[PDB]
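Below is one structure, written out as structure tokens, with a few remarks after it.
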Ligand SMILES: *[C@H](O)[C@H](C[C@@H]1CCNC1=O)NC(=O)[C@H](CC(C)C)NC(=O)OC1(CC)COCOC1
Ligand SMILES: *[C@H](O)[C@H](C[C@@H]1CCNC1=O)NC(=O)[C@H](CC(C)C)NC(=O)OC1(CC)COCOC1
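Residue numbers (our numbering), protein chains in the order written: chain A, 1 to 298; chain B, 1001 to 1297.
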């Protein structure tokens, strides 16, 4: 039986209307236009020559307002400032289609939608999970910097990601809109090695609950492992700490299966399913959130 | 090395601007507002009483323009007609934000984006492949009917799907905008026979080309299988006919690996990967198209 559990993104129309192109010298990339502000990665300031150790503080000082061209395809710069790894440009027109929005940094295990853009033009959207080593997968090519990641709750878009770089293992990372880089990677063209990744324990729990809701519960036993005990074990076996949420609790109430029975199951299943499948899979899946499962299976 | 091959959907803003809610008596679902026309599934006319064997001809005749209610959230009806499994409702206002569009019927193995909506409100977007048995997977709950699927060529939107139903096995189907149901399923709540699914051969090829581009070419051999022999083999082993395309050919040039080497490879991998993985998988993957791979790698 097909569960209906799929990778689902937020509808992108609200964010499409905020995308612009930003150009500084030879470098061109994407920006986010909210009210009188345009956000973009500060390495737009850097010519290809100096990208391997840029001096951003000096590059900023060398700019004037005319050093930045902002074009909408889908504007006069009247101020420029740097905030961590982002530029905050002030323009003289308020974006007439600005959504209600917040700037909240996301934590590992949380999912968000990405609007991939090139030269200020949206081309595709996908959902990613912020990994425990502060990278994301997804699909990003040359020109994609400034593409944004977001969630939506009610009318309020939460902007959580602005794309900056690809790592040698092909994963990606970027900034929060407070200017910090996820994982503290440097916006320098240099080899940087991401830390070891981990299974997102709370999302594995959610997926097992999706399995139960879908009629697949051969892995459920009476046996349990406490949260506190599971977390001691998680540290030493490449799992995140489990932190419960009202979203997980809803799934436990619906199924009648306790969180702690699934923490025991995870300790038995992460080595393999001994020939069985769970939701068409032979390994544990950690990129569906408790919210995904509540939204899509209930 | 993560390939960067992911399930990607089209930006949905153009289509979001066309979604409305359609209400008829006590039933409510989504509709697509293009110019002066609102498209929605005809079963909005059916009371819960009679979902098993609705008489859509008599239901239509019993309706008047005032039977229908159309609200834009993200309108007065002055005309109603039935086209196959869809209603075509004429409203007095023409949608100002109507994109350039066409209507197409997608074929098995082709990918399209779906804007899932509830009560006229877009809530999510995902990409599906029309399966060889004319069903799709995806995620659709109660209230999702009238959600639409589409591709793009340029800024042109090609509307190809309007969601209608879920089958006993959890898969889904819908209408093309000429009113025909994909796979000729009936818009009634009765058990109906679904053909067995098959691997979409051309997409498996594209997936192996993506593996090669990503530096995973252990399955590659100079052993070849002609398209014709492959096609013969595919009938007895639950695979679709391979049909080359310009898009596949590009991939054979980028990698310098011939189609027939991968056809040969498919025959062997179907019997097993023999301890090895391909792009993190131990089974063949057939929901990534040649166009996906060309665009994403
Ligand atoms: C901005 O559009 C760039 C996006 C990456 C290009 C390929 N895929 C991407 O996601 N970002 C960069 O090019 C970035 C600039 C520095 C932070 C100053 N460098 C980068 O992503 O690094 C490499 C590998 C070390 C990525 O792969 C291509 O070579 C550069
Ligand atoms: C319209 O929004 C409905 C969408 C489905 C409901 C649950 N998931 C869906 O995709 N469509 C229907 O309710 C449909 C109406 C008939 C075509 C007249 N019924 C339906 O999808 O079939 C059932 C039973 C075969 C699927 O299983 C649950 O009950 C409905």
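We put the CB at the ideal spot given by N, CA and C, even for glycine.
Residues of chain A with CB under 7 Å from residue 1281/B, in chain order? Listed along the chain, the chain A residues whose CB falls inside 7 Å of the CB of residue 1281/B amount to none; the nearest CB is some 10 Å away.
Distance cutoff 8 Å, beta carbons only. Does residue 1140/B sit that close to anything in chain A? Answer yes: the Cβ-Cβ gap between residue 1140/B and chain A drops below 8 Å somewhere.
Note down, in chain order, each residue of its chain lying with its Cβ closer than 8 Å to the Cβ of residue 1048/B, except the 5 sequence neighbours on either side. These residues qualify, in order along the chain: 1026, 1027.
Indicate, with yes or no, if ligand 1 has a heavy atom lying under 7 Å from the CB of residue 145/A. At least one heavy atom of ligand 1 is nearer than 7 Å to the Cβ of residue 145/A, so yes.
Please look up how many angstroms separate the CB atoms of residue 186/A and residue 173/A, rounded, as I've assumed it's under 8 Å. So it is not a contact: roughly 11 Å between Cβ atoms.
With 8 Å as the threshold, decide whether the Cβ of residue 1332/B is near any Cβ in chain A. In the structure displayed, chain B extends from 1001 to 1297; residue 1332/B sits before or after that span and is not available.
In terms of residue numbering, what span does the alpha helix (DSSP H) encompassing residue 203/A cover? That run of the alpha helix (DSSP H) goes 201-213.
May I have the straight-line CA-CA distance separating residue 261/A from residue 131/A, to the nearest angstrom? Their backbone Cα atoms lie some 25 Å apart in a straight line.
Check whether the Cβ atoms of residue 1200/B and residue 1286/B lie closer than 8 Å to each other. It is a contact, given that the beta carbons lie within the stated cut-off.
Using three-state DSSP, classify residue 74/A as helix, strand or coil. Residue state, collapsed to three classes: coil.
Should residue 1148/B be labelled buried (16 or more other beta-carbon atoms within 10 Å of its own) or exposed? Residue 1148/B is buried by the Cβ-count criterion.
Reduced DSSP category for residue 227/A - H, G, I as helix; E, B as strand; rest coil: If DSSP states are grouped into helix, strand and coil, residue 227/A belongs with the helices.
Buried or exposed: which applies to residue 292/A, given that a residue is buried once 16 or more other Cβ atoms fall within 10 Å of its Cβ? Around the beta carbon of residue 292/A, 16 or more other beta carbons lie within 10 angstroms, which makes this residue buried.
Quick one: give me the first and last residue of the beta strand (DSSP E) that residue 1082/B is part of. Residues 1077-1083.
Under 8 Å, Cβ to Cβ, is there at least one residue of chain B near residue 288/A? So, not an interface residue.
Hey, would you say the C-beta of residue 1141/B is under 7 Å away from at least one heavy atom of ligand 3? Of the ligands one can find in the structure shown, namely ligand 1 and ligand 2, none is ligand 3.
Less than 8 Å between CB atoms is the rule here; does residue 1296/B satisfy it with respect to chain A? Residue 1296/B counts as touching chain A.
Across the region 1132-1147 of chain B and the region 1155-1174 of chain B, are there enough close Cβ pairs to call them in contact, namely three or more that are closer than 8 Å? These segments touch.
Alpha carbons only, please: which of 22/A, 237/A, 289/A is nearest the one belonging to residue 120/A? Of the listed residues, the one whose Cα sits closest to residue 120/A is 22/A.
Measuring only from the beta carbon, is residue 29/A closer than 7 Å to any heavy atom that is part of ligand 1? Checking the Cβ of residue 29/A against ligand 1 gives yes.
Residues near residue 1129/B in its chain [Cβ-Cβ closer than 6 Å; skip 5 each side]: If the five residues before and after residue 1129/B are omitted, its C-beta is found closer than 6 Å to the C-beta atoms of 1111, 1287, all from its own chain and listed in chain order.
heavy atom of ligand 2 below 7 Å from residue 1188/B C-beta: Residue 1188/B: yes, Cβ under 7 Å from ligand 2.
Does any heavy atom of ligand 1 sit closer than 7 Å to the C-beta of residue 1001/B? Relative to the non-hydrogen atoms of ligand 1, the Cβ of residue 1001/B never comes closer than 7 Å to any of them.
Cβ-based burial, residue 1232/B [other Cβ within 10 Å; buried from 16]: Exposed is the call here.
Kindly provide the ranges of any alpha helix (DSSP H) runs that are 4 or more residues long and lie completely inside the region 5-38 of chain A, ordered along the chain. The alpha helix (DSSP H) runs lying completely inside the region 5-38 of chain A and spanning 4 residues or more are 13-16, given in chain order.
Unbroken beta strand (DSSP E) run spanning residue 156/A, endpoints: DSSP places residue 156/A in the uninterrupted beta strand (DSSP E) bounded by 156-166.
Below 9 Å on C-beta distance, what does residue 1017/B contact in chain A? Residues of chain A passing the Cβ test: 13.
Residues of the region 1165-1183 of chain B whose Cβ lies closer than 8 Å to any Cβ of chain A, in chain order: Taking a C-beta cut-off of 8 Å against chain A, the contacting residues of the region 1165-1183 of chain B are 1169, 1170, 1171, listed in chain order.
Could you please tell me which residues of the region 1060-1091 of chain B, in chain order, have their CB closer than 9 Å to any CB of chain D? This model lacks chain D altogether; the protein chains it does include are A and B.
When the Cβ atoms of the region 267-278 of chain A are set against those of the region 206-223 of chain A, are three or more pairs found closer than 8 Å? The region 267-278 of chain A makes contact with the region 206-223 of chain A, as at least three CB pairs between them are under 8 Å.
Neighbourhood of residue 1107/B by C-beta, 8 Å cutoff - its chain only, sequence neighbours within 5 removed: Within the same chain, Cβ atoms closer than 8 Å to the Cβ of residue 1107/B are found at 1130, the five residues on either side in sequence being excluded.
Name the DSSP bridge partner or partners of residue 117/A? DSSP output for residue 117/A lists 122/A as bridge partner(s).
Cβ of residue 95/A within 8 Å of Cβ of residue 33/A? A distance below 8 Å separates the beta carbons of residue 95/A and residue 33/A.
With DSSP as the reference, label residue 52/A as helix, strand or coil. Here residue 52/A sits in coil by DSSP.
Does residue 206/A pass the burial test, meaning 16 or more other C-beta atoms within 10 Å, or should it be called exposed? Answer is buried; the Cβ neighbour count reaches 16.
Residue 191/A beta carbon near ligand 1 (any heavy atom closer than 7 Å): Distances between the C-beta of residue 191/A and the heavy atoms of ligand 1 include at least one below 7 Å.
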